[PDB]
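In what follows, a single structure is set out as structure tokens and then discussed.
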Amino acid sequence: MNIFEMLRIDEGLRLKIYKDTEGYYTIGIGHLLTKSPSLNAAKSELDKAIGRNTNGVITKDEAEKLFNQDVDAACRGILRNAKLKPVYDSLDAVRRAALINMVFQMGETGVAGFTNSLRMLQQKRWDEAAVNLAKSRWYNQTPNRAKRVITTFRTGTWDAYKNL
Ligand SMILES: *SCC1=CC(C)(C)N(O)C1(C)C
Ligand SMILES: [Cl-]
């Protein structure tokens with residue numbers, strides 16, 4: 001298991017633009033299109049991202065390039081963020097994917113706002129980190145997905161993703 005298959009389980013694959021759990025237009029493997037409530041804005045952003053007249057539908061191949069682009073962006077965002085990099089530096093490979101999962105979902109700025117949870121993780125206080133992570137908007141908006149990521153942080157294993 002790796003960050004790519006982890007996120008594929010968490011995000012799924014949908015070929016036509018859909019509304020995420022927060023009401024924002026998204027497509028592919030968790031690719032946020034826009035925060036605007038206009039569907040045409042989403043199709044225009046989708047057109048801009050794919051470079052063709054999409055009409056709200058993307059191929060499976062285009063979704064995987066968007067996926068690779070977004071994973072690359074999430075990694076670069078972590079490495080260039082002054083508060084995310086030292087925590088990422090200290091984590092093992094399994095927990096590094098969990099942090100990238102967070103940034104992939106809610107962006108670099110949002111994850112950096114977990115001031116208490118990030119200090120927990122860097123000090124390898126997993127149990128306490130899990131408790132603090134569950135007390136967030138993230139946890140009650142996407143509980144099933146957040147529980148899997150939090151379990152990954154707590155145990156350092158892929159057990160939350162076994163048989164999924
Ligand atoms: S930080 C994410 C990352 C790690 C590594 C395996 C070196 N990569 O190819 C990327 C940049 C995706
Ligand atoms: Cl890395």
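Residue numbering restarts at 1 for every chain of the structure tokens, chains are lettered A, B, ... in their displayed order, and ligands are numbered from 1 as they appear.
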
- Task: Please provide as a PyMOL selection string all residues within 12 Å of range 28-44 of chain A, with the sequence filter that same-chain residues fewer than 5 positions apart are discarded (counting only C-alpha atoms).
- Result: chain A and resi 4-23+49-71+73-74+101-107

- Residues at most 9 Å from range 122-135 of chain A, counting only C-alpha atoms, excluding those fewer than 5 positions away in the same chain, as an MDAnalysis selection string? chainID A and resid 86:91 114 116:117 140 143 146:147 150:151 153:156

- Could you pull out the strand (DSSP E) residues of range 11-150 of chain A from DSSP and send them as number ranges by chain? A: 14-19, 25-28, 31-34

- Task: Go through chain A and collect every residue that DSSP, computed from the backbone, puts in helix (DSSP H, G or I); the answer should be as JSON, numbers by chain.
- Result: {"A": [3, 4, 5, 6, 7, 8, 9, 10, 11, 39, 40, 41, 42, 43, 44, 45, 46, 47, 48, 49, 50, 60, 61, 62, 63, 64, 65, 66, 67, 68, 69, 70, 71, 72, 73, 74, 75, 76, 77, 78, 79, 80, 84, 85, 86, 87, 88, 89, 90, 93, 94, 95, 96, 97, 98, 99, 100, 101, 102, 103, 104, 105, 106, 107, 108, 109, 110, 111, 112, 115, 116, 117, 118, 119, 120, 121, 122, 126, 127, 128, 129, 130, 131, 132, 133, 137, 138, 139, 140, 141, 143, 144, 145, 146, 147, 148, 149, 150, 151, 152, 153, 154, 155, 159, 160, 161]}

Each residue of chain A lying at most 9 Å from ligand 2 should get a row with its shortest atom-to-atom pair and the distance in Å to one decimal, counting only C-alpha atoms and all ligand atoms; could you produce that, ordered by chain and increasing number, as CSV?
```
residue,atom,partner,partner_atom_place_in_ligand_line,distance
A:75,CA,ligand 2,1 (Cl),7.7
A:79,CA,ligand 2,1 (Cl),8.7
A:88,CA,ligand 2,1 (Cl),7.8
A:89,CA,ligand 2,1 (Cl),7.9
A:93,CA,ligand 2,1 (Cl),7.4
A:96,CA,ligand 2,1 (Cl),7.0
A:97,CA,ligand 2,1 (Cl),8.6
```

Atoms to include: N, CA and C atoms. Write the selected residues as an mmCIF file, in the first residue's frame.
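Writing the result to result07.cif gives the following:
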```
data_model
loop_
_atom_site.group_PDB
_atom_site.id
_atom_site.type_symbol
_atom_site.label_atom_id
_atom_site.label_comp_id
_atom_site.auth_asym_id
_atom_site.auth_seq_id
_atom_site.Cartn_x
_atom_site.Cartn_y
_atom_site.Cartn_z
ATOM 1 N N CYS A 75 2.690 16.935 -2.368
ATOM 2 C CA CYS A 75 4.031 16.691 -1.846
ATOM 3 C C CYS A 75 4.853 17.973 -1.817
ATOM 4 N N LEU A 79 6.651 19.994 1.395
ATOM 5 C CA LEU A 79 8.090 20.219 1.507
ATOM 6 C C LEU A 79 8.432 21.701 1.593
ATOM 7 N N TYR A 88 6.636 16.146 8.587
ATOM 8 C CA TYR A 88 6.813 15.141 7.544
ATOM 9 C C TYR A 88 8.190 14.493 7.636
ATOM 10 N N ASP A 89 9.228 15.302 7.866
ATOM 11 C CA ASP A 89 10.586 14.783 8.015
ATOM 12 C C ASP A 89 10.663 13.661 9.047
ATOM 13 N N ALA A 93 7.323 6.000 6.538
ATOM 14 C CA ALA A 93 6.725 6.000 5.206
ATOM 15 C C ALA A 93 5.206 5.892 5.277
ATOM 16 N N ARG A 96 3.790 9.156 6.581
ATOM 17 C CA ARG A 96 3.998 10.198 5.580
ATOM 18 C C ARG A 96 2.866 10.214 4.559
ATOM 19 N N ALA A 97 2.379 9.034 4.167
ATOM 20 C CA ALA A 97 1.247 8.970 3.248
ATOM 21 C C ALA A 97 -0.014 9.541 3.886
#
```

- Note on the structure: From the list A:98, A:78, A:160, A:149, the nearest residue to residue 112 in chain A using only C-alpha atoms is A:78

- Which is closest to ligand 1 among A:94, A:100, A:164, A:82, if we use only C-alpha atoms and all ligand atoms? A:100

- Query: Can you tell me how far atom 7 (C, counted along the ligand's line) of ligand 1 sits from CA of residue 118 in chain A, in Å to one decimal?
  - Reply: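 Straight-line distance from atom 7 (C, counted along the ligand's line) of ligand 1 to CA of residue 118 in chain A works out to 21.2 Å.
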
- Message: So the first atom is CA of residue 76 in chain A and the second is atom 10 (C, counted along the ligand's line) of ligand 1; what is the distance between them in Å, to one decimal place?
- Response: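 Going from CA of residue 76 in chain A over to atom 10 (C, counted along the ligand's line) of ligand 1 covers 7.9 Å.
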
- So how many Å separate CA of residue 110 in chain A and CA of residue 81 in chain A, to one decimal? 11.5 Å

- Item | Distance criterion (only C-alpha atoms and all ligand atoms): nearest to ligand 1 out of A:46, A:111, A:3, A:121 | A:3
